[PDB]
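To start, the structure itself, in structure tokens.
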Amino acid sequence: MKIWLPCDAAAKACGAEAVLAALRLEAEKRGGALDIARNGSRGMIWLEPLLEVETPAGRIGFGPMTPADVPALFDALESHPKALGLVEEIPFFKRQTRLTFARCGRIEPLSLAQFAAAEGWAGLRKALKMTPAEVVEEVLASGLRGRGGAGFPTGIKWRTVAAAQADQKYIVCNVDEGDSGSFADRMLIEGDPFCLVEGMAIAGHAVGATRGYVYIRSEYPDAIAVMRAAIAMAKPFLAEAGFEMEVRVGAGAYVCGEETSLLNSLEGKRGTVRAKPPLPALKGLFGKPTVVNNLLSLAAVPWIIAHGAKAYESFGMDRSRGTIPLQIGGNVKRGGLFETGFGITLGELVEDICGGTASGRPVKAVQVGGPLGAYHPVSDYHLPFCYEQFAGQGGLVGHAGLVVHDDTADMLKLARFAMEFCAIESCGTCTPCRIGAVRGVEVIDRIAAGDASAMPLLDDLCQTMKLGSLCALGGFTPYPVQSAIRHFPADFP
Amino acid sequence: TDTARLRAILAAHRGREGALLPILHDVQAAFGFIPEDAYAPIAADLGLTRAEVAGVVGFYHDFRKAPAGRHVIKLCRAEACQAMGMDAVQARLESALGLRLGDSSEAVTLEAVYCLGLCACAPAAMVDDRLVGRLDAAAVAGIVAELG
Ligand SMILES: NC(=O)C1=CN([C@@H]2O[C@H](COP(=O)(O)OP(=O)(O)OC[C@H]3O[C@@H](n4cnc5c(N)ncnc54)[C@H](O)[C@@H]3O)[C@@H](O)[C@H]2O)C=CC1
Ligand SMILES: Cc1cc2nc3c(=O)[nH]c(=O)nc-3n(C[C@H](O)[C@H](O)[C@H](O)COP(=O)(O)O)c2cc1C
Ligand code: SF4
Ligand code: FES
């Protein structure tokens, strides 16, 4: 019987390999077919070591399989304790629009056959027929967005880069999600890598480049390996487009998620953020025009141009269009990933969809965005997801990160960890993050003591950090603090 | 013999665009850190100055200035992993090994990483290139068992 054991880090961590061992052991002890696959993650992490088995009806999923529970197999798949039935029929999966991650957890990632049979290499083979400008306008019609930030129309960027003369332009994918709760990129380049290859190839054909890069962190090694294998496998499919892409590993620096610092780090230098009189589009990598983008923004490109922009333009709100993945982590019963159209409330996503908390306790906080994001309480459950409403309601939604904290949390500790982060993660270029941070971390201690000459001090500090700091890491850092303070005053004496 | 390896590494990254980072990665992977004995040749090959190299080395965290223990333990200290009880785990582990956070040895080296992508499997760690999750105060026993 066919077996689909995940190869994702979310699985290998919980002991998926041990499960593999146990299966092989049992099969050796119990003569059977023992046909194993190594697919990615479906997106339900609360049972990630799930042993999807083939049946004429579909693929029956199993729970958080431990190696000790393996013996329960090969005897009866119906009377199994951790039996879930059709994995595709789970409400956590059914309620998902699931466009971008459509072919993630149901294929072997490094299998070109499956990818191709899964509508693979369609957009790429479609674009080359098109023109560099037609494709650009197609992408623009949707006006997709900036996914790893506030949101800038990628079409405009592509246009700007295309309308700029030089011998060699560049393209860069900034998969450096050093944020917390943000792990969608990892799932996408660990499962369904080829989509990224495809999107970059398309974008390079479109803009007018031949050389391309992808920036992976060092905290995502398995993903690195996978992407290397991908780039190495698709060489025939790449030459067709006249595109050569390479992977570049980071070196443990959050700030390198900023475009400037990123491409400074590519250049062989130290990741100090640049000021922005010139944009990277005009003068980026090696003084050349370069198109820098998030993975999610390049994962939608092929799907867009292939399935039609107008279709992508259907999903979403008035301004925010298309599907978004919501990553849900921390103290939460059903974590993982939920891809859907905007307009859904975190109320539903946190109490209805993802149940409650692992500890069974209530939720006191929900931190949208990374540590550059606010701590929305339960009272904000009437707040649908979109860049606009969340940016206006004293907050942020970037990579759609989402963690959770229960009543046993101390907001003081977290607010402190925020500045401590901004302190340990800091290029050290502008003063309001060098010093402001390591000073705020003292101020918060003073508050913990009980001083009253601190809170206003803190506010002024936060303000100057907002208005003065060069990058966001020292401009958004105040939001966690102010949020924890104005939402949860019962913890800040 | 170190010079030979270093030369090999440099030859392997010849003509590349901005090849300082890869070269350093490989140099580290080879030895375990970036020895000051190898700040110069890199510069000589790349047309840089010892200073630029040392600055790059100093900026980034993943480039060791001194070697680690036989084993290494990275332990997330980020938001999510914090939520599902990383502090207690940390405490237990640093009591076991007797080594606080950031404090290394010839035996082991406990440090922080600030994320691993295991944000649902909140309590996460990387022990000697092997990822671990759902680290409750029991699995730490097994963590230490395979790790003296
Ligand atoms: N004082 C503060 O608190 C500051 C905070 N921030 C915020 O950080 C968030 C995201 O960070 P970034 O990505 O660094 O900046 P950003 O969001 O302004 O730029 C978005 C992306 O599009 C590109 N782009 C921008 N304007 C363009 C144009 N006219 N033509 C072509 N391409 C263009 C940029 O290269 C960048 O890659 C933004 O919302 C920004 O407001 C950034 C600067 C300082
Ligand atoms: C501190 C910091 C970290 C960032 N990290 C990321 C990241 O991991 N991924 C990303 O796509 N953008 C990140 N960005 C935003 C980049 O500046 C840029 O907007 C993004 O890489 C462009 O991709 P888009 O065009 O899809 O938005 C970060 C910005 C800052 C200030
Ligand atoms: S706030 Fe200033 S010093 Fe801090 S990381 Fe950003 S640019 Fe660098
Ligand atoms: S926060 Fe520690 S796993 Fe991402």
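In the structure tokens, chains take letters A, B, ... by order of appearance, with residues numbered from 1 within each chain and ligands from 1 in the order shown.
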ask   = What residues in chain A lie within 6 Å of chain B, counting only C-alpha atoms, written as a list in words?
value = residues 13, 14, 181, 183, 219, 251, 252, 267, 268, 270, 329, 330, 331, 335, 403 and 405 of chain A
Name all residues at most 9 Å from segment 45-61 of chain A (count only C-alpha atoms; drop same-chain ones fewer than 2 positions away) and give them as a compact mmCIF listing (two decimals) with C-alpha atoms, in the first residue's frame.
```txt
# COMPACT_ATOMS: atom_id res chain seq x y z
CA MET A 1 0.00 0.00 0.00
CA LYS A 2 1.22 3.47 -0.88
CA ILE A 3 2.67 5.58 1.90
CA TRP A 4 3.21 9.33 1.95
CA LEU A 5 5.48 10.27 4.83
CA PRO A 6 6.34 13.99 4.92
CA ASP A 8 9.30 18.63 5.87
CA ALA A 10 7.84 20.19 10.65
CA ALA A 11 7.80 16.41 10.40
CA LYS A 12 11.44 15.45 10.83
CA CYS A 14 8.52 15.56 15.61
CA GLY A 15 10.29 12.33 14.67
CA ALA A 16 9.01 11.52 11.19
CA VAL A 19 8.35 6.65 12.01
CA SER A 41 3.44 19.29 4.36
CA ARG A 42 -0.28 19.58 3.77
CA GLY A 43 -0.27 22.43 6.26
CA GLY A 63 -2.70 11.52 13.28
CA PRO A 64 0.60 12.53 14.89
CA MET A 65 2.09 9.14 14.18
CA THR A 66 4.61 7.96 16.73
CA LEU A 77 -6.71 0.98 8.86
CA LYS A 82 -5.34 7.99 15.05
CA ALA A 83 -7.60 7.64 12.04
CA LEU A 84 -8.76 10.79 10.28
CA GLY A 85 -10.20 9.58 6.99
CA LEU A 86 -9.76 11.63 3.84
CA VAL A 87 -7.21 14.31 4.58
CA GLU A 88 -8.77 16.54 1.92
CA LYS A 333 -4.41 23.71 19.22
CA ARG A 334 -4.49 23.43 15.44
CA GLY A 335 -1.54 25.34 14.09
CA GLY A 336 -0.04 25.36 10.65
CA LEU A 337 -1.24 27.10 7.54
CA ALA B 120 3.74 25.56 15.45
CA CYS B 121 5.89 22.87 16.94
```
query = Separation of atom 12 (N, counted along the ligand's line) of ligand 2 and atom CA of residue 109 of chain A, in Å?
reply =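 Rounded to one decimal, the two atoms are 24.0 Å apart.
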task = Kindly work out which residues sit at most 10 Å from ligand 3, using only C-alpha atoms and all ligand atoms, and give the list as number ranges by chain.
result = A: 253-256, 258, 261, 271-275, 422-437, 465-466, 468-477
Go ahead and save the picked residues with C-alpha atoms, as a PDB file, in the first residue's frame.
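Done, and the output landed in out_39.pdb:
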```
ATOM      1  CA  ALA A 253      20.947  38.590  10.354  1.00  0.00           C
ATOM      2  CA  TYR A 254      17.307  39.626  10.530  1.00  0.00           C
ATOM      3  CA  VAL A 255      18.003  43.023   9.055  1.00  0.00           C
ATOM      4  CA  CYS A 256      19.105  41.376   5.831  1.00  0.00           C
ATOM      5  CA  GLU A 258      15.449  44.631   4.057  1.00  0.00           C
ATOM      6  CA  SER A 261      20.857  45.234   3.187  1.00  0.00           C
ATOM      7  CA  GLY A 271      24.443  44.132   5.753  1.00  0.00           C
ATOM      8  CA  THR A 272      24.211  47.809   6.501  1.00  0.00           C
ATOM      9  CA  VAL A 273      21.025  49.359   5.251  1.00  0.00           C
ATOM     10  CA  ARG A 274      21.381  52.009   2.596  1.00  0.00           C
ATOM     11  CA  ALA A 275      19.504  55.278   2.490  1.00  0.00           C
ATOM     12  CA  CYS A 422      15.713  45.112  18.000  1.00  0.00           C
ATOM     13  CA  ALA A 423      18.940  45.308  19.980  1.00  0.00           C
ATOM     14  CA  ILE A 424      20.483  41.985  19.096  1.00  0.00           C
ATOM     15  CA  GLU A 425      19.214  42.346  15.540  1.00  0.00           C
ATOM     16  CA  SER A 426      20.488  45.703  14.357  1.00  0.00           C
ATOM     17  CA  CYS A 427      22.816  46.780  11.603  1.00  0.00           C
ATOM     18  CA  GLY A 428      23.989  49.522  13.894  1.00  0.00           C
ATOM     19  CA  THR A 429      23.754  52.213  11.281  1.00  0.00           C
ATOM     20  CA  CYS A 430      21.297  54.677  12.716  1.00  0.00           C
ATOM     21  CA  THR A 431      21.242  55.823  16.278  1.00  0.00           C
ATOM     22  CA  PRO A 432      17.589  55.177  17.214  1.00  0.00           C
ATOM     23  CA  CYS A 433      18.063  51.398  16.970  1.00  0.00           C
ATOM     24  CA  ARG A 434      21.618  51.165  18.223  1.00  0.00           C
ATOM     25  CA  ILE A 435      20.990  53.025  21.383  1.00  0.00           C
ATOM     26  CA  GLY A 436      17.263  53.498  21.551  1.00  0.00           C
ATOM     27  CA  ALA A 437      16.755  49.795  21.908  1.00  0.00           C
ATOM     28  CA  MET A 465      12.231  55.602  16.937  1.00  0.00           C
ATOM     29  CA  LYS A 466       9.167  55.621  14.719  1.00  0.00           C
ATOM     30  CA  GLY A 468      13.653  58.840  12.915  1.00  0.00           C
ATOM     31  CA  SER A 469      14.745  55.302  12.364  1.00  0.00           C
ATOM     32  CA  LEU A 470      15.853  54.350   8.916  1.00  0.00           C
ATOM     33  CA  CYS A 471      14.442  50.893   8.520  1.00  0.00           C
ATOM     34  CA  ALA A 472      11.371  49.328  10.024  1.00  0.00           C
ATOM     35  CA  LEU A 473      13.129  47.224  12.614  1.00  0.00           C
ATOM     36  CA  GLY A 474      13.553  50.375  14.635  1.00  0.00           C
ATOM     37  CA  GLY A 475      10.413  52.031  13.404  1.00  0.00           C
ATOM     38  CA  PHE A 476       7.943  49.259  14.027  1.00  0.00           C
ATOM     39  CA  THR A 477       9.540  47.942  17.203  1.00  0.00           C
TER      40      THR A 477
END
```
inquiry  = DSSP on the backbone, strand (DSSP E) only: what residues of segment 44-121 of chain B does that give? Format it as a list in words.
reply    =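 The residues of segment 44-121 of chain B classed as strand (DSSP E) are residues 73, 74, 75, 110 and 111 of chain B.
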ask   = What residues have any atom no more than 9 Å from ligand 2 when counting only C-alpha atoms and all ligand atoms, and can you list them as a PyMOL selection string?
value = chain A and resi 144-154+157+172-179+182+185+217+254-262+291-298+372+398-399+425-426+471-476
ask   = Looking at only C-alpha atoms, which of A:165, A:210, A:265, A:314 is the one that sits closest to residue 240 of chain A?
value = A:210
request  = Any chance you could list, as a PyMOL selection string, the residues in segment 83-184 of chain A that come up helix (DSSP H, G or I) when DSSP is run on the backbone?
outcome  = chain A and resi 87-89+91-94+112-117+122-127+132-142+154-162+184
Got time to write the residues from that selection, C-alpha atoms, as a compact mmCIF listing (two decimals), in the first residue's frame?
```txt
# COMPACT_ATOMS: atom_id res chain seq x y z
CA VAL A 87 -7.21 14.31 4.58
CA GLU A 88 -8.77 16.54 1.92
CA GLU A 89 -12.09 16.37 3.73
CA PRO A 91 -12.61 21.20 7.68
CA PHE A 92 -9.24 22.84 8.28
CA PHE A 93 -8.44 21.97 4.67
CA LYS A 94 -11.88 22.26 3.10
CA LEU A 112 9.15 16.81 -12.30
CA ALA A 113 6.67 14.25 -13.55
CA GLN A 114 4.15 15.04 -10.83
CA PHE A 115 4.73 18.76 -11.04
CA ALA A 116 4.17 18.70 -14.79
CA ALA A 117 1.10 16.54 -14.37
CA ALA A 122 2.48 25.97 -17.80
CA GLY A 123 2.93 29.65 -17.09
CA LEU A 124 6.57 29.51 -18.10
CA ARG A 125 5.82 27.80 -21.39
CA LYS A 126 3.09 30.36 -21.91
CA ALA A 127 5.13 33.47 -21.19
CA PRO A 132 8.16 41.18 -22.16
CA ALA A 133 5.57 43.95 -22.03
CA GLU A 134 2.40 41.91 -22.44
CA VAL A 135 3.37 39.75 -19.48
CA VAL A 136 4.17 42.86 -17.49
CA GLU A 137 0.76 44.35 -18.17
CA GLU A 138 -0.86 41.03 -17.34
CA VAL A 139 0.87 41.04 -13.98
CA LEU A 140 -0.05 44.69 -13.55
CA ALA A 141 -3.74 44.22 -14.31
CA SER A 142 -3.99 42.18 -11.14
CA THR A 154 4.79 44.55 -8.37
CA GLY A 155 3.67 45.54 -11.84
CA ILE A 156 4.91 49.08 -11.34
CA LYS A 157 8.23 47.76 -10.11
CA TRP A 158 8.63 45.51 -13.12
CA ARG A 159 7.76 48.41 -15.37
CA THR A 160 10.28 50.67 -13.69
CA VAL A 161 13.02 48.08 -14.03
CA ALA A 162 12.16 47.31 -17.64
CA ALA A 184 5.00 29.71 4.79
```
Could you list, as a short mmCIF file (atom, residue, chain, number, x, y, z; two decimals) with N, CA, C and O atoms, in the first residue's frame, every residue within 12 Å of segment 346-356 of chain A, counting only C-alpha atoms and ignoring same-chain residues fewer than 3 positions away?
```cif
data_model
loop_
_atom_site.label_atom_id
_atom_site.label_comp_id
_atom_site.auth_asym_id
_atom_site.auth_seq_id
_atom_site.Cartn_x
_atom_site.Cartn_y
_atom_site.Cartn_z
N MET A 44 -1.16 21.06 8.04
CA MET A 44 -1.72 20.80 9.35
C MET A 44 -0.67 20.18 10.24
O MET A 44 -0.40 18.98 10.20
N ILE A 45 -0.07 21.04 11.07
CA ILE A 45 1.14 20.72 11.79
C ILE A 45 0.84 19.98 13.08
O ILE A 45 1.72 19.33 13.65
N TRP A 46 -0.39 20.06 13.53
CA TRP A 46 -0.78 19.45 14.79
C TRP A 46 -0.79 17.93 14.69
O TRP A 46 -0.93 17.23 15.68
N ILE A 90 -10.93 17.30 5.63
CA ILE A 90 -10.83 17.90 6.94
C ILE A 90 -11.24 19.37 6.83
O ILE A 90 -10.79 20.06 5.92
N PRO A 91 -12.08 19.84 7.75
CA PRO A 91 -12.61 21.20 7.68
C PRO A 91 -11.53 22.27 7.68
O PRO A 91 -11.73 23.37 7.16
N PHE A 92 -10.39 21.94 8.26
CA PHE A 92 -9.24 22.84 8.28
C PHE A 92 -8.66 22.99 6.88
O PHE A 92 -7.98 23.96 6.58
N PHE A 93 -8.95 22.01 6.04
CA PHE A 93 -8.44 21.97 4.67
C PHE A 93 -9.51 22.36 3.67
O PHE A 93 -9.22 22.95 2.63
N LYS A 94 -10.76 22.03 3.99
CA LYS A 94 -11.88 22.26 3.10
C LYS A 94 -12.20 23.74 2.96
O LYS A 94 -12.61 24.20 1.90
N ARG A 95 -12.02 24.47 4.05
CA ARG A 95 -12.39 25.87 4.09
C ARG A 95 -11.34 26.74 3.41
O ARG A 95 -11.48 27.96 3.36
N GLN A 96 -10.29 26.12 2.89
CA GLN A 96 -9.22 26.85 2.24
C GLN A 96 -9.44 27.01 0.75
O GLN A 96 -9.77 26.06 0.05
N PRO A 325 -1.87 33.31 2.61
CA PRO A 325 -1.69 32.29 3.63
C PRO A 325 -1.59 32.89 5.02
O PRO A 325 -0.85 33.85 5.22
N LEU A 326 -2.32 32.32 5.96
CA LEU A 326 -2.24 32.72 7.34
C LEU A 326 -1.51 31.64 8.10
O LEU A 326 -1.98 30.50 8.17
N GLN A 327 -0.34 31.98 8.60
CA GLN A 327 0.44 31.07 9.41
C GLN A 327 0.04 31.24 10.85
O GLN A 327 -0.08 32.36 11.34
N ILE A 328 -0.17 30.13 11.53
CA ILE A 328 -0.70 30.15 12.88
C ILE A 328 0.14 29.26 13.77
O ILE A 328 0.17 28.04 13.58
N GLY A 329 0.81 29.87 14.73
CA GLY A 329 1.72 29.15 15.59
C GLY A 329 1.63 29.54 17.05
O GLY A 329 0.74 30.29 17.45
N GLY A 330 2.57 29.04 17.84
CA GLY A 330 2.57 29.29 19.26
C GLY A 330 1.58 28.41 19.99
O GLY A 330 1.23 27.33 19.53
N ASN A 331 1.11 28.90 21.13
CA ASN A 331 0.12 28.18 21.91
C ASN A 331 -1.20 28.19 21.17
O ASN A 331 -2.00 29.11 21.32
N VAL A 332 -1.42 27.15 20.38
CA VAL A 332 -2.65 27.03 19.62
C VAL A 332 -2.86 25.57 19.28
O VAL A 332 -1.92 24.86 18.92
N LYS A 333 -4.10 25.12 19.40
CA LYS A 333 -4.41 23.71 19.22
C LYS A 333 -4.06 23.25 17.82
O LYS A 333 -3.20 22.39 17.64
N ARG A 334 -4.74 23.81 16.82
CA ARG A 334 -4.49 23.43 15.44
C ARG A 334 -3.72 24.52 14.73
O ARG A 334 -4.29 25.46 14.20
N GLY A 335 -2.40 24.37 14.73
CA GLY A 335 -1.54 25.34 14.09
C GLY A 335 -1.42 25.12 12.61
O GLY A 335 -2.30 24.51 11.99
N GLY A 336 -0.35 25.63 12.03
CA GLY A 336 -0.04 25.36 10.65
C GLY A 336 -0.37 26.49 9.71
O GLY A 336 -0.06 27.65 9.98
N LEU A 337 -1.02 26.15 8.61
CA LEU A 337 -1.24 27.10 7.54
C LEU A 337 -2.68 27.07 7.05
O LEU A 337 -3.30 26.02 6.97
N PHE A 338 -3.19 28.25 6.73
CA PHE A 338 -4.54 28.39 6.22
C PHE A 338 -4.58 29.39 5.07
O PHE A 338 -4.51 30.59 5.30
N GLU A 339 -4.65 28.90 3.84
CA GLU A 339 -4.70 29.79 2.70
C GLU A 339 -6.14 30.11 2.33
O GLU A 339 -6.94 29.20 2.12
N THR A 340 -6.45 31.39 2.25
CA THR A 340 -7.82 31.81 1.95
C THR A 340 -7.87 33.23 1.43
O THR A 340 -6.87 33.95 1.46
N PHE A 342 -8.99 37.16 1.62
CA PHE A 342 -9.06 38.10 2.73
C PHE A 342 -10.49 38.26 3.20
O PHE A 342 -11.42 37.70 2.62
N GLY A 343 -10.68 39.03 4.27
CA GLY A 343 -12.00 39.32 4.78
C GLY A 343 -12.42 38.43 5.93
O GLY A 343 -13.47 38.63 6.53
N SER A 359 -2.79 24.55 25.78
CA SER A 359 -2.89 24.41 27.22
C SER A 359 -4.35 24.40 27.67
O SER A 359 -4.65 24.15 28.83
N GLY A 360 -5.25 24.68 26.73
CA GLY A 360 -6.67 24.70 27.03
C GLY A 360 -7.12 26.02 27.60
O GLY A 360 -8.31 26.31 27.66
N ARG A 361 -6.15 26.83 28.02
CA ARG A 361 -6.44 28.14 28.56
C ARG A 361 -6.98 29.05 27.46
O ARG A 361 -6.90 28.72 26.28
N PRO A 362 -7.55 30.20 27.86
CA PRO A 362 -7.99 31.22 26.90
C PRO A 362 -6.83 31.93 26.24
O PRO A 362 -5.67 31.64 26.57
N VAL A 363 -7.12 32.84 25.33
CA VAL A 363 -6.08 33.63 24.69
C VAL A 363 -6.15 35.06 25.19
O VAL A 363 -7.23 35.65 25.27
N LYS A 364 -5.00 35.62 25.52
CA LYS A 364 -4.93 36.98 26.01
C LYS A 364 -4.38 37.89 24.94
O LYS A 364 -4.57 39.10 24.97
N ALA A 365 -3.68 37.29 23.98
CA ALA A 365 -2.97 38.05 22.98
C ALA A 365 -2.86 37.29 21.68
O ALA A 365 -2.85 36.06 21.66
N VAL A 366 -2.80 38.03 20.59
CA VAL A 366 -2.57 37.46 19.28
C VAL A 366 -1.73 38.42 18.47
O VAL A 366 -2.18 39.50 18.12
N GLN A 367 -0.50 38.01 18.17
CA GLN A 367 0.47 38.90 17.57
C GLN A 367 0.58 38.75 16.06
O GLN A 367 1.34 37.93 15.56
N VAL A 368 -0.19 39.56 15.34
CA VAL A 368 -0.12 39.61 13.89
C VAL A 368 1.19 40.24 13.50
O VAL A 368 1.75 41.03 14.24
N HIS A 376 -2.81 42.16 19.34
CA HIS A 376 -4.25 42.34 19.34
C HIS A 376 -4.90 41.36 20.30
O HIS A 376 -4.65 40.16 20.23
N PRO A 377 -5.75 41.86 21.21
CA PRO A 377 -6.49 41.01 22.13
C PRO A 377 -7.76 40.44 21.52
O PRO A 377 -8.00 40.60 20.33
N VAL A 378 -8.54 39.77 22.35
CA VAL A 378 -9.78 39.15 21.91
C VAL A 378 -10.77 40.19 21.40
O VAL A 378 -11.55 39.93 20.49
N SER A 379 -10.74 41.37 22.01
CA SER A 379 -11.69 42.42 21.69
C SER A 379 -11.62 42.83 20.22
O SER A 379 -12.58 43.37 19.67
N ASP A 380 -10.49 42.55 19.58
CA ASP A 380 -10.30 42.90 18.18
C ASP A 380 -10.68 41.77 17.24
O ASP A 380 -10.27 41.75 16.08
N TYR A 381 -11.48 40.83 17.73
CA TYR A 381 -11.95 39.71 16.91
C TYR A 381 -12.86 40.17 15.78
O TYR A 381 -13.15 39.40 14.86
N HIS A 382 -13.29 41.42 15.84
CA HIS A 382 -14.16 41.98 14.82
C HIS A 382 -13.33 42.65 13.74
O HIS A 382 -13.78 43.60 13.10
N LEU A 383 -12.11 42.15 13.54
CA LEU A 383 -11.15 42.80 12.66
C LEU A 383 -10.68 41.87 11.54
O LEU A 383 -9.76 41.09 11.72
N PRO A 384 -11.32 41.96 10.36
CA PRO A 384 -10.93 41.12 9.23
C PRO A 384 -9.52 41.41 8.75
O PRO A 384 -8.99 42.49 8.99
N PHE A 385 -8.91 40.44 8.07
CA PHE A 385 -7.53 40.58 7.61
C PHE A 385 -7.44 41.34 6.30
O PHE A 385 -8.07 40.98 5.31
N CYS A 386 -6.64 42.40 6.31
CA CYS A 386 -6.29 43.14 5.11
C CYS A 386 -5.24 44.16 5.50
O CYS A 386 -5.17 44.58 6.66
N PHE A 390 -5.92 46.78 9.10
CA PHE A 390 -4.95 46.46 10.14
C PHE A 390 -3.89 47.56 10.27
O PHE A 390 -3.39 47.81 11.37
N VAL A 397 -0.03 43.88 9.05
CA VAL A 397 -0.04 42.54 8.50
C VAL A 397 0.93 42.50 7.34
O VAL A 397 0.71 43.12 6.29
N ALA A 400 1.75 37.88 7.34
CA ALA A 400 0.55 37.26 7.87
C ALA A 400 0.86 36.34 9.03
O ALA A 400 0.11 35.41 9.32
N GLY A 401 1.98 36.59 9.69
CA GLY A 401 2.35 35.83 10.86
C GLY A 401 1.26 35.90 11.90
O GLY A 401 0.51 36.87 11.97
N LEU A 402 1.17 34.86 12.71
CA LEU A 402 0.17 34.82 13.76
C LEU A 402 0.54 33.84 14.86
O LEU A 402 0.47 32.63 14.67
N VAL A 403 0.95 34.37 16.01
CA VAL A 403 1.23 33.54 17.17
C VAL A 403 0.14 33.76 18.20
O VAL A 403 -0.74 34.59 18.01
N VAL A 404 0.21 33.02 19.29
CA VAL A 404 -0.81 33.11 20.32
C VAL A 404 -0.20 32.97 21.71
O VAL A 404 0.75 32.22 21.90
N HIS A 405 -0.78 33.67 22.67
CA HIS A 405 -0.37 33.59 24.06
C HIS A 405 -1.59 33.47 24.95
O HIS A 405 -2.60 34.14 24.74
N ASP A 406 -1.48 32.63 25.97
CA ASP A 406 -2.56 32.42 26.91
C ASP A 406 -2.37 33.26 28.16
O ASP A 406 -1.42 34.03 28.28
N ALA B 120 4.90 26.26 14.93
CA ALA B 120 3.74 25.56 15.45
C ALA B 120 4.21 24.53 16.45
O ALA B 120 3.72 24.48 17.58
#
```
query = Quick one: of A:75, A:371, A:462, A:168, who's nearest to ligand 4, counting only C-alpha atoms and all ligand atoms?
reply =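 Ranked by minimum distance to ligand 4, first place goes to A:371.
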request  = Would you please work out which residue, of A:67, A:143, A:105, A:120, is nearest to residue 306 of chain A when using only C-alpha atoms?
outcome  =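 Looking only at the distances to residue 306 of chain A, the closest residue turns out to be A:120.
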Long-range neighbours of residue 107 of chain B as number ranges by chain, 10 Å cut-off, only C-alpha atoms, 4 positions minimum in chain = B: 68-72, 97, 147-148
Store the residues picked out above, limited to N, CA, C and O atoms, as a PDB file, in the first residue's frame.
```pdb
ATOM      1  N   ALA B  68      33.518  25.760  18.458  1.00  0.00           N
ATOM      2  CA  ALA B  68      32.534  25.323  19.434  1.00  0.00           C
ATOM      3  C   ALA B  68      32.895  23.982  20.036  1.00  0.00           C
ATOM      4  O   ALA B  68      33.941  23.411  19.734  1.00  0.00           O
ATOM      5  N   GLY B  69      32.022  23.488  20.905  1.00  0.00           N
ATOM      6  CA  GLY B  69      32.210  22.182  21.498  1.00  0.00           C
ATOM      7  C   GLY B  69      31.972  21.074  20.498  1.00  0.00           C
ATOM      8  O   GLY B  69      31.655  21.324  19.336  1.00  0.00           O
ATOM      9  N   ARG B  70      32.120  19.839  20.953  1.00  0.00           N
ATOM     10  CA  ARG B  70      31.891  18.696  20.093  1.00  0.00           C
ATOM     11  C   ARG B  70      30.447  18.669  19.630  1.00  0.00           C
ATOM     12  O   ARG B  70      30.150  18.221  18.527  1.00  0.00           O
ATOM     13  N   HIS B  71      29.554  19.156  20.483  1.00  0.00           N
ATOM     14  CA  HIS B  71      28.143  19.258  20.138  1.00  0.00           C
ATOM     15  C   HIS B  71      27.684  20.698  20.225  1.00  0.00           C
ATOM     16  O   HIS B  71      28.321  21.528  20.869  1.00  0.00           O
ATOM     17  N   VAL B  72      26.573  20.983  19.563  1.00  0.00           N
ATOM     18  CA  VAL B  72      26.023  22.323  19.538  1.00  0.00           C
ATOM     19  C   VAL B  72      24.520  22.274  19.675  1.00  0.00           C
ATOM     20  O   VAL B  72      23.859  21.411  19.099  1.00  0.00           O
ATOM     21  N   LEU B  97      23.312  20.324  31.537  1.00  0.00           N
ATOM     22  CA  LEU B  97      24.668  20.516  31.044  1.00  0.00           C
ATOM     23  C   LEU B  97      25.450  21.410  31.991  1.00  0.00           C
ATOM     24  O   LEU B  97      26.678  21.367  32.033  1.00  0.00           O
ATOM     25  N   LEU B 147      23.955  13.006  24.272  1.00  0.00           N
ATOM     26  CA  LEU B 147      24.801  14.182  24.241  1.00  0.00           C
ATOM     27  C   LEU B 147      25.476  14.428  25.579  1.00  0.00           C
ATOM     28  O   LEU B 147      24.890  15.026  26.479  1.00  0.00           O
ATOM     29  N   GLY B 148      26.716  13.967  25.703  1.00  0.00           N
ATOM     30  CA  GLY B 148      27.460  14.121  26.939  1.00  0.00           C
ATOM     31  C   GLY B 148      28.372  15.333  26.939  1.00  0.00           C
ATOM     32  O   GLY B 148      28.159  16.279  27.697  1.00  0.00           O
TER      33      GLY B 148
END
```
